[PDB]
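Quick look at run28.cif (mmCIF, C-alpha atoms and all ligand atoms):
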```cif
data_target
loop_
_atom_site.group_PDB
_atom_site.id
_atom_site.type_symbol
_atom_site.label_atom_id
_atom_site.label_comp_id
_atom_site.auth_asym_id
_atom_site.auth_seq_id
_atom_site.Cartn_x
_atom_site.Cartn_y
_atom_site.Cartn_z
ATOM 1 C CA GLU A 1 18.546 11.288 22.547
ATOM 2 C CA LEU A 2 16.859 7.855 22.075
ATOM 3 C CA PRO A 3 16.276 4.804 24.370
ATOM 4 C CA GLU A 4 17.262 1.236 23.391
ATOM 5 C CA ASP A 5 14.653 -1.495 22.803
ATOM 6 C CA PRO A 6 16.622 -4.845 22.908
ATOM 7 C CA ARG A 7 13.742 -6.708 21.087
ATOM 8 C CA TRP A 8 14.492 -4.804 17.829
ATOM 9 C CA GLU A 9 18.047 -3.302 18.160
ATOM 10 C CA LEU A 10 20.646 -4.416 15.560
ATOM 11 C CA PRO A 11 24.361 -3.462 16.061
ATOM 12 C CA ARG A 12 25.442 -0.900 13.390
ATOM 13 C CA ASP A 13 28.348 -3.193 12.152
ATOM 14 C CA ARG A 14 25.570 -5.656 10.984
ATOM 15 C CA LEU A 15 24.077 -3.252 8.423
ATOM 16 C CA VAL A 16 25.869 -2.771 5.062
ATOM 17 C CA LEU A 17 24.159 0.119 3.261
ATOM 18 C CA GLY A 18 23.585 0.471 -0.534
ATOM 19 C CA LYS A 19 21.790 2.051 -3.541
ATOM 20 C CA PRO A 20 18.860 4.397 -2.552
ATOM 21 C CA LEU A 21 15.341 3.027 -3.221
ATOM 22 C CA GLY A 22 13.436 6.325 -2.556
ATOM 23 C CA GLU A 23 13.431 10.024 -1.393
ATOM 24 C CA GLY A 24 11.150 12.772 0.077
ATOM 25 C CA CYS A 25 12.560 15.477 0.858
ATOM 26 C CA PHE A 26 10.770 13.881 3.877
ATOM 27 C CA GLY A 27 13.466 11.239 4.652
ATOM 28 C CA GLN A 28 14.917 8.503 2.360
ATOM 29 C CA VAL A 29 14.837 4.678 1.863
ATOM 30 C CA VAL A 30 18.005 2.695 0.937
ATOM 31 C CA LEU A 31 18.694 -0.960 -0.012
ATOM 32 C CA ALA A 32 20.884 -2.706 2.639
ATOM 33 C CA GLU A 33 22.323 -6.023 3.866
ATOM 34 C CA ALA A 34 21.635 -7.041 7.451
ATOM 35 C CA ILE A 35 24.110 -9.632 8.773
ATOM 36 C CA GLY A 36 22.586 -12.368 10.914
ATOM 37 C CA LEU A 37 19.225 -10.621 11.501
ATOM 38 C CA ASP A 38 17.676 -13.934 12.745
ATOM 39 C CA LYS A 39 18.825 -15.393 16.162
ATOM 40 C CA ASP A 40 20.322 -18.354 14.149
ATOM 41 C CA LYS A 41 22.074 -18.013 11.700
ATOM 42 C CA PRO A 42 24.234 -14.976 12.741
ATOM 43 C CA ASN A 43 26.173 -15.586 9.447
ATOM 44 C CA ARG A 44 23.334 -15.258 6.863
ATOM 45 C CA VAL A 45 22.598 -11.964 5.048
ATOM 46 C CA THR A 46 19.108 -10.666 4.389
ATOM 47 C CA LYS A 47 18.477 -7.887 1.811
ATOM 48 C CA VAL A 48 16.484 -5.153 3.737
ATOM 49 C CA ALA A 49 15.032 -1.600 3.253
ATOM 50 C CA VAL A 50 16.395 1.122 5.598
ATOM 51 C CA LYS A 51 14.232 4.187 6.402
ATOM 52 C CA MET A 52 16.388 7.176 7.466
ATOM 53 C CA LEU A 53 16.353 11.041 7.656
ATOM 54 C CA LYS A 54 17.899 13.619 5.241
ATOM 55 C CA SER A 55 20.504 16.303 6.267
ATOM 56 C CA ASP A 56 17.743 18.998 6.418
ATOM 57 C CA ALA A 57 15.730 16.983 9.036
ATOM 58 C CA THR A 58 14.070 18.582 12.081
ATOM 59 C CA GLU A 59 12.771 17.395 15.537
ATOM 60 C CA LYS A 60 9.323 17.002 13.868
ATOM 61 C CA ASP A 61 10.771 14.885 10.963
ATOM 62 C CA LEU A 62 12.545 12.765 13.655
ATOM 63 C CA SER A 63 9.456 12.260 15.912
ATOM 64 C CA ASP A 64 7.556 11.199 12.786
ATOM 65 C CA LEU A 65 9.978 8.281 11.999
ATOM 66 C CA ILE A 66 9.896 7.211 15.709
ATOM 67 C CA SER A 67 6.057 7.114 15.780
ATOM 68 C CA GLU A 68 6.128 5.007 12.549
ATOM 69 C CA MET A 69 8.508 2.406 14.079
ATOM 70 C CA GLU A 70 6.395 2.574 17.298
ATOM 71 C CA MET A 71 3.203 1.955 15.304
ATOM 72 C CA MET A 72 4.683 -1.101 13.499
ATOM 73 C CA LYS A 73 5.874 -2.558 16.826
ATOM 74 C CA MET A 74 2.224 -2.412 18.147
ATOM 75 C CA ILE A 75 0.438 -3.671 14.923
ATOM 76 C CA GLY A 76 2.526 -6.889 14.697
ATOM 77 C CA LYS A 77 3.323 -9.243 11.800
ATOM 78 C CA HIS A 78 1.353 -10.284 8.656
ATOM 79 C CA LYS A 79 2.479 -11.849 5.377
ATOM 80 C CA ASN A 80 0.628 -9.060 3.428
ATOM 81 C CA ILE A 81 1.975 -5.861 5.189
ATOM 82 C CA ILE A 82 5.590 -4.395 5.203
ATOM 83 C CA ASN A 83 6.921 -5.791 8.555
ATOM 84 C CA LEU A 84 9.535 -4.327 10.897
ATOM 85 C CA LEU A 85 12.780 -6.324 11.110
ATOM 86 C CA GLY A 86 14.979 -4.202 13.409
ATOM 87 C CA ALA A 87 16.459 -0.745 14.184
ATOM 88 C CA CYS A 88 19.708 1.228 14.802
ATOM 89 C CA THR A 89 18.614 3.741 17.508
ATOM 90 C CA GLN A 90 21.931 4.146 19.408
ATOM 91 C CA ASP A 91 25.154 6.155 18.812
ATOM 92 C CA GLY A 92 24.138 7.506 15.341
ATOM 93 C CA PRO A 93 21.347 8.384 12.850
ATOM 94 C CA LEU A 94 18.064 6.506 13.401
ATOM 95 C CA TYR A 95 17.672 3.601 10.997
ATOM 96 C CA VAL A 96 14.258 1.883 10.905
ATOM 97 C CA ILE A 97 14.888 -1.510 9.184
ATOM 98 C CA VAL A 98 11.773 -2.825 7.233
ATOM 99 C CA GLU A 99 10.962 -5.618 4.633
ATOM 100 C CA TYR A 100 12.399 -5.220 1.127
ATOM 101 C CA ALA A 101 10.148 -5.800 -1.940
ATOM 102 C CA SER A 102 12.471 -6.276 -4.961
ATOM 103 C CA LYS A 103 9.719 -5.700 -7.629
ATOM 104 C CA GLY A 104 8.786 -2.141 -6.459
ATOM 105 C CA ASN A 105 5.190 -0.828 -6.105
ATOM 106 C CA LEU A 106 2.080 -2.554 -7.526
ATOM 107 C CA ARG A 107 1.407 0.183 -10.100
ATOM 108 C CA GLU A 108 5.000 0.003 -11.597
ATOM 109 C CA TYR A 109 4.817 -3.870 -11.453
ATOM 110 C CA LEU A 110 1.360 -3.993 -13.170
ATOM 111 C CA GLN A 111 2.398 -1.394 -15.870
ATOM 112 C CA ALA A 112 5.665 -3.395 -16.621
ATOM 113 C CA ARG A 113 3.574 -6.617 -17.263
ATOM 114 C CA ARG A 114 1.083 -5.016 -19.689
ATOM 115 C CA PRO A 115 0.401 -6.781 -23.055
ATOM 116 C CA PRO A 116 2.755 -5.886 -25.941
ATOM 117 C CA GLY A 117 2.291 -2.914 -28.273
ATOM 118 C CA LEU A 118 0.970 -1.402 -30.472
ATOM 119 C CA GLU A 119 8.865 -11.902 -20.604
ATOM 120 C CA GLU A 120 6.386 -12.048 -17.669
ATOM 121 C CA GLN A 121 2.545 -11.700 -17.904
ATOM 122 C CA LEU A 122 -0.239 -12.044 -15.315
ATOM 123 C CA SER A 123 -3.376 -14.261 -15.892
ATOM 124 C CA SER A 124 -6.992 -13.529 -14.739
ATOM 125 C CA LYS A 125 -6.469 -15.690 -11.579
ATOM 126 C CA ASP A 126 -3.197 -13.687 -11.078
ATOM 127 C CA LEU A 127 -4.914 -10.206 -10.935
ATOM 128 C CA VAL A 128 -7.701 -11.395 -8.627
ATOM 129 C CA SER A 129 -4.966 -12.933 -6.387
ATOM 130 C CA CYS A 130 -3.301 -9.434 -6.055
ATOM 131 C CA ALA A 131 -6.714 -8.070 -4.949
ATOM 132 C CA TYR A 132 -7.135 -10.954 -2.455
ATOM 133 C CA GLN A 133 -3.736 -10.315 -0.735
ATOM 134 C CA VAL A 134 -4.236 -6.527 -0.471
ATOM 135 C CA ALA A 135 -7.708 -7.117 1.102
ATOM 136 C CA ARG A 136 -5.966 -9.672 3.453
ATOM 137 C CA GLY A 137 -3.337 -7.050 4.445
ATOM 138 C CA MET A 138 -5.993 -4.340 4.985
ATOM 139 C CA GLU A 139 -8.259 -6.691 7.051
ATOM 140 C CA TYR A 140 -5.365 -7.503 9.454
ATOM 141 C CA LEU A 141 -4.618 -3.715 9.680
ATOM 142 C CA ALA A 142 -8.331 -3.112 10.441
ATOM 143 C CA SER A 143 -8.308 -5.912 13.144
ATOM 144 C CA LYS A 144 -5.432 -3.925 14.779
ATOM 145 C CA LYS A 145 -7.424 -0.627 14.504
ATOM 146 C CA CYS A 146 -5.147 0.894 11.843
ATOM 147 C CA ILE A 147 -6.649 3.342 9.301
ATOM 148 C CA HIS A 148 -4.322 3.702 6.262
ATOM 149 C CA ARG A 149 -5.856 6.966 4.878
ATOM 150 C CA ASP A 150 -3.866 6.525 1.536
ATOM 151 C CA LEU A 151 -4.506 2.935 0.251
ATOM 152 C CA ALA A 152 -3.451 2.932 -3.449
ATOM 153 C CA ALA A 153 -1.483 0.709 -5.862
ATOM 154 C CA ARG A 154 1.524 3.057 -5.258
ATOM 155 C CA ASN A 155 1.571 2.088 -1.536
ATOM 156 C CA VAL A 156 1.468 -1.726 -2.096
ATOM 157 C CA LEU A 157 4.966 -3.158 -2.652
ATOM 158 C CA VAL A 158 5.774 -6.516 -4.437
ATOM 159 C CA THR A 159 8.342 -9.146 -3.283
ATOM 160 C CA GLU A 160 10.613 -11.482 -5.348
ATOM 161 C CA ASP A 161 7.923 -14.171 -4.589
ATOM 162 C CA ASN A 162 5.003 -11.969 -5.899
ATOM 163 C CA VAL A 163 3.524 -11.318 -2.430
ATOM 164 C CA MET A 164 1.636 -8.041 -2.084
ATOM 165 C CA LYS A 165 2.611 -5.976 1.022
ATOM 166 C CA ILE A 166 0.706 -2.848 2.276
ATOM 167 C CA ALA A 167 3.218 0.014 2.867
ATOM 168 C CA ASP A 168 3.134 3.463 4.601
ATOM 169 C CA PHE A 169 0.298 2.302 6.922
ATOM 170 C CA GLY A 170 2.178 3.697 9.961
ATOM 171 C CA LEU A 171 2.924 7.231 8.647
ATOM 172 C CA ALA A 172 2.289 10.392 10.764
ATOM 173 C CA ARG A 173 -1.298 11.839 10.727
ATOM 174 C CA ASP A 174 -0.059 15.557 10.549
ATOM 175 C CA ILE A 175 -3.262 18.043 3.321
ATOM 176 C CA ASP A 176 -2.998 19.941 -0.034
ATOM 177 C CA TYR A 177 -5.609 18.639 -2.545
ATOM 178 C CA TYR A 178 -3.855 20.436 -5.502
ATOM 179 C CA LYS A 179 -0.558 18.478 -4.908
ATOM 180 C CA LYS A 180 0.423 15.725 -7.416
ATOM 181 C CA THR A 181 2.647 12.582 -6.955
ATOM 182 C CA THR A 182 6.029 11.639 -8.544
ATOM 183 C CA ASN A 183 4.055 10.032 -11.456
ATOM 184 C CA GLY A 184 2.028 13.300 -11.775
ATOM 185 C CA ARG A 185 -1.192 11.795 -10.252
ATOM 186 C CA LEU A 186 -3.667 13.576 -7.843
ATOM 187 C CA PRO A 187 -4.099 11.507 -4.588
ATOM 188 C CA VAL A 188 -7.657 12.989 -3.967
ATOM 189 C CA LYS A 189 -8.858 10.501 -6.603
ATOM 190 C CA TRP A 190 -8.458 7.614 -4.136
ATOM 191 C CA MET A 191 -10.427 9.497 -1.392
ATOM 192 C CA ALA A 192 -13.916 8.715 -0.185
ATOM 193 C CA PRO A 193 -16.222 11.802 -0.392
ATOM 194 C CA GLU A 194 -16.804 11.825 3.403
ATOM 195 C CA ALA A 195 -12.986 11.843 3.995
ATOM 196 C CA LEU A 196 -12.508 14.488 1.210
ATOM 197 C CA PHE A 197 -15.431 16.896 2.083
ATOM 198 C CA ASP A 198 -15.849 16.173 5.839
ATOM 199 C CA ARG A 199 -12.294 14.888 6.838
ATOM 200 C CA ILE A 200 -13.904 11.630 8.198
ATOM 201 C CA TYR A 201 -11.391 8.770 7.684
ATOM 202 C CA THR A 202 -12.736 5.339 8.725
ATOM 203 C CA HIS A 203 -12.310 1.661 7.724
ATOM 204 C CA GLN A 204 -15.198 2.418 5.291
ATOM 205 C CA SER A 205 -13.220 5.322 3.626
ATOM 206 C CA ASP A 206 -10.269 2.850 3.224
ATOM 207 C CA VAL A 207 -12.837 0.385 1.618
ATOM 208 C CA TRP A 208 -13.655 3.204 -0.871
ATOM 209 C CA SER A 209 -9.826 3.467 -1.646
ATOM 210 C CA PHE A 210 -9.667 -0.368 -2.127
ATOM 211 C CA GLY A 211 -12.344 0.129 -4.856
ATOM 212 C CA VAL A 212 -10.028 2.596 -6.655
ATOM 213 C CA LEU A 213 -7.198 -0.019 -6.132
ATOM 214 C CA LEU A 214 -9.163 -2.857 -7.864
ATOM 215 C CA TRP A 215 -9.802 -0.534 -10.851
ATOM 216 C CA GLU A 216 -5.979 -0.011 -10.838
ATOM 217 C CA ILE A 217 -5.375 -3.829 -10.897
ATOM 218 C CA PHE A 218 -7.809 -4.791 -13.692
ATOM 219 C CA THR A 219 -6.746 -1.723 -15.816
ATOM 220 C CA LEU A 220 -3.084 -2.982 -15.332
ATOM 221 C CA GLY A 221 -1.974 0.225 -13.550
ATOM 222 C CA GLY A 222 -4.322 2.672 -15.223
ATOM 223 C CA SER A 223 -4.596 6.302 -14.074
ATOM 224 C CA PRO A 224 -7.985 7.109 -12.349
ATOM 225 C CA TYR A 225 -9.866 9.970 -14.050
ATOM 226 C CA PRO A 226 -7.156 11.128 -16.588
ATOM 227 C CA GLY A 227 -7.262 14.838 -17.445
ATOM 228 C CA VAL A 228 -9.656 15.568 -14.539
ATOM 229 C CA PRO A 229 -8.412 18.491 -12.337
ATOM 230 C CA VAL A 230 -9.210 18.785 -8.570
ATOM 231 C CA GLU A 231 -12.247 21.127 -8.875
ATOM 232 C CA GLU A 232 -13.867 19.025 -11.687
ATOM 233 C CA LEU A 233 -13.423 15.845 -9.509
ATOM 234 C CA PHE A 234 -15.540 17.335 -6.667
ATOM 235 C CA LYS A 235 -18.337 17.952 -9.246
ATOM 236 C CA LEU A 236 -17.989 14.282 -10.419
ATOM 237 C CA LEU A 237 -18.372 13.068 -6.777
ATOM 238 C CA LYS A 238 -21.354 15.376 -6.052
ATOM 239 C CA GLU A 239 -23.278 14.174 -9.159
ATOM 240 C CA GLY A 240 -22.766 10.519 -8.091
ATOM 241 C CA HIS A 241 -20.283 9.764 -10.904
ATOM 242 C CA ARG A 242 -18.447 6.412 -11.013
ATOM 243 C CA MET A 243 -15.487 5.150 -13.083
ATOM 244 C CA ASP A 244 -16.113 2.956 -16.119
ATOM 245 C CA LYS A 245 -15.909 -0.857 -16.082
ATOM 246 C CA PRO A 246 -12.388 -1.917 -17.087
ATOM 247 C CA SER A 247 -12.154 -4.249 -20.066
ATOM 248 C CA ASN A 248 -10.931 -7.789 -18.962
ATOM 249 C CA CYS A 249 -12.898 -7.309 -15.720
ATOM 250 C CA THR A 250 -15.994 -9.422 -14.877
ATOM 251 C CA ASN A 251 -19.463 -8.139 -13.938
ATOM 252 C CA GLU A 252 -18.830 -9.583 -10.397
ATOM 253 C CA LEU A 253 -15.601 -7.611 -9.812
ATOM 254 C CA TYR A 254 -17.111 -4.378 -11.213
ATOM 255 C CA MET A 255 -20.212 -4.877 -8.953
ATOM 256 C CA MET A 256 -17.509 -5.219 -6.188
ATOM 257 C CA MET A 257 -15.825 -1.864 -7.153
ATOM 258 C CA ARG A 258 -19.250 -0.124 -7.231
ATOM 259 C CA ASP A 259 -20.171 -1.589 -3.796
ATOM 260 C CA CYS A 260 -16.855 -0.235 -2.495
ATOM 261 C CA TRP A 261 -17.977 3.137 -3.830
ATOM 262 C CA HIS A 262 -21.386 3.019 -2.072
ATOM 263 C CA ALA A 263 -22.380 6.662 -1.363
ATOM 264 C CA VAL A 264 -23.440 5.582 2.173
ATOM 265 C CA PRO A 265 -20.277 4.431 4.105
ATOM 266 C CA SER A 266 -22.263 1.944 6.312
ATOM 267 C CA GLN A 267 -23.591 0.116 3.202
ATOM 268 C CA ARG A 268 -20.094 -0.533 1.708
ATOM 269 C CA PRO A 269 -18.570 -4.083 2.204
ATOM 270 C CA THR A 270 -16.047 -4.554 5.060
ATOM 271 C CA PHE A 271 -12.526 -5.953 4.362
ATOM 272 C CA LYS A 272 -13.684 -9.138 6.206
ATOM 273 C CA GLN A 273 -16.492 -9.461 3.555
ATOM 274 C CA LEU A 274 -14.049 -8.559 0.611
ATOM 275 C CA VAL A 275 -11.471 -11.199 1.765
ATOM 276 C CA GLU A 276 -14.230 -13.869 1.755
ATOM 277 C CA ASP A 277 -15.614 -12.903 -1.741
ATOM 278 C CA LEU A 278 -12.152 -12.678 -3.381
ATOM 279 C CA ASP A 279 -11.187 -15.999 -1.706
ATOM 280 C CA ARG A 280 -14.183 -17.589 -3.557
ATOM 281 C CA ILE A 281 -13.609 -15.590 -6.850
ATOM 282 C CA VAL A 282 -9.874 -16.677 -7.092
ATOM 283 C CA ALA A 283 -10.991 -20.381 -6.802
ATOM 284 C CA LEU A 284 -13.503 -19.905 -9.722
ATOM 285 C CA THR A 285 -11.231 -17.580 -11.890
ATOM 286 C CA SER A 286 -9.322 -19.138 -14.837
ATOM 287 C CA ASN A 287 -5.502 -19.337 -15.003
ATOM 288 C CA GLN A 288 -5.842 -20.239 -18.750
ATOM 289 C CA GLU A 289 -6.354 -16.567 -19.886
HETATM 290 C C1 LIG B 301 14.210 2.511 -11.775
HETATM 291 N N1 LIG B 301 13.691 2.180 -10.440
HETATM 292 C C2 LIG B 301 14.771 1.752 -9.555
HETATM 293 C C3 LIG B 301 14.250 1.484 -8.158
HETATM 294 N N2 LIG B 301 13.139 0.525 -8.180
HETATM 295 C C4 LIG B 301 12.738 -0.042 -6.967
HETATM 296 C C5 LIG B 301 12.552 -1.432 -6.867
HETATM 297 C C6 LIG B 301 12.173 -2.023 -5.673
HETATM 298 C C7 LIG B 301 11.940 -1.221 -4.557
HETATM 299 N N3 LIG B 301 11.537 -1.562 -3.266
HETATM 300 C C8 LIG B 301 11.442 -0.410 -2.625
HETATM 301 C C9 LIG B 301 11.140 -0.327 -1.183
HETATM 302 C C10 LIG B 301 10.659 0.907 -0.581
HETATM 303 N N4 LIG B 301 10.709 2.115 -1.206
HETATM 304 C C11 LIG B 301 10.018 0.874 0.750
HETATM 305 C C12 LIG B 301 9.466 1.956 1.439
HETATM 306 F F1 LIG B 301 9.530 3.177 0.866
HETATM 307 C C13 LIG B 301 8.906 1.867 2.692
HETATM 308 C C14 LIG B 301 8.853 0.632 3.310
HETATM 309 C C15 LIG B 301 9.371 -0.485 2.683
HETATM 310 C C16 LIG B 301 9.979 -0.377 1.429
HETATM 311 N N5 LIG B 301 10.524 -1.508 0.833
HETATM 312 C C17 LIG B 301 11.118 -1.535 -0.380
HETATM 313 O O1 LIG B 301 11.492 -2.616 -0.827
HETATM 314 N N6 LIG B 301 11.841 0.651 -3.378
HETATM 315 C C18 LIG B 301 12.112 0.159 -4.646
HETATM 316 C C19 LIG B 301 12.508 0.760 -5.838
HETATM 317 C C20 LIG B 301 12.090 0.839 -9.157
HETATM 318 C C21 LIG B 301 12.683 1.127 -10.523
#
```
Now that the file is in, can you turn its structure into structure tokens?
Ligand SMILES: CN1CCN(c2ccc3[nH]c(-c4c(N)c5c(F)cccc5[nH]c4=O)nc3c2)CC1
Amino acid sequence: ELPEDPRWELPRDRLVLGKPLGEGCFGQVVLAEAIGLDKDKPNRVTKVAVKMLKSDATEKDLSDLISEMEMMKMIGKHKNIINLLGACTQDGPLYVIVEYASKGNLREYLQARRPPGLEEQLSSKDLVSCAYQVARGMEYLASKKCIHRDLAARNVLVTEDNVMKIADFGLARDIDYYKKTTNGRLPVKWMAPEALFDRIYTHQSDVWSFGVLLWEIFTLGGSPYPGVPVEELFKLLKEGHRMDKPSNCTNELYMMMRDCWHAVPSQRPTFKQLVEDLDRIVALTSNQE
């Protein structure tokens, strides 16, 4: 049984469910319509995302979704993170109501806006702006002592207004290195060597992951290290190997990626330094190409 928090509780008759946005088997996300979410108007509908459990859910799977909601309540609001909007915790299945990003993840979005081969296209100032927002989201998360542990283009969602929002920042701590994603990608490729070989996740290991994220932006949703299996990736990290400079990527932004991949975690930039640099770079980057 669950206790009511009146700050966040939404009556169940105010949530009209819809088409599913994602799956697991670890839970499921659906598209929904929340009636009068805001204090005024109680007659306006907001399109939302509803996190819920599957039929084959256990007490562990349930405590995991509670902790996530609980984490989001503590962390607070930012324009560049997926915010918490409400919850249905009484007399039925637990529904954690979060922000809905109509354009999907940042990898899918970037891939769908690639140049023709072989209706909407992003300029140089556009790509750098995506990097700025994600570093803004991550810096707030860092200010609130949150360590993402899986910062990647896949876990950055995009709104109808082209705002970048960090997602799955509140997920349960609980990893199989040989496991691949839905898109058949190995998540170990976003991991800092200290986190991968010593299990030491810090704000510095998330900075490493931001470096893999930039490479994903300026390659327009490119796959890091294609064809490279798990065991061959460890050898690449031990030799001091680094990814190649994307084409249509400045010397300044590649120097940034490489700094993010500094072998020594203490020597890497902070998100507070990355927000500042990208703030300046956007202002100097051309919107004409
Ligand atoms: C063919 N395909 C159909 C579904 N397409 C799609 C489009 C937008 C989408 N937004 C989210 C979504 C979440 N999955 C989500 C989450 F998992 C945790 C927290 C917040 C979230 N907010 C969302 O808005 N899913 C989407 C799927 C992609 C293309």
Gap from atom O1 of ligand LIG 301 (chain B) to atom CA of residue A:107 - Å, one decimal: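 Rounded to one decimal, the two atoms are 14.0 Å apart.
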Nearest-residue call for residue A:126, choices A:217, A:17, A:203, A:230, using all atoms listed in the file: A:217
Within 7 Å of ligand LIG 301 (chain B) (all atoms listed in the file), residues as a list in words: residues 21, 22, 29, 49, 51, 82, 98, 99, 100, 101, 102, 103, 104, 105, 157, 167 and 168 of chain A
Output of the PyMOL selection byres (((chain A and resi 187) around 10) and not hetatm), listed as a ChimeraX atom specification: /A:150-152,176-181,184-186,188-191,224,230
Top pick for closest residue to residue A:43, considering A:14, A:60, A:137, A:130 and counting only C-alpha atoms: A:14
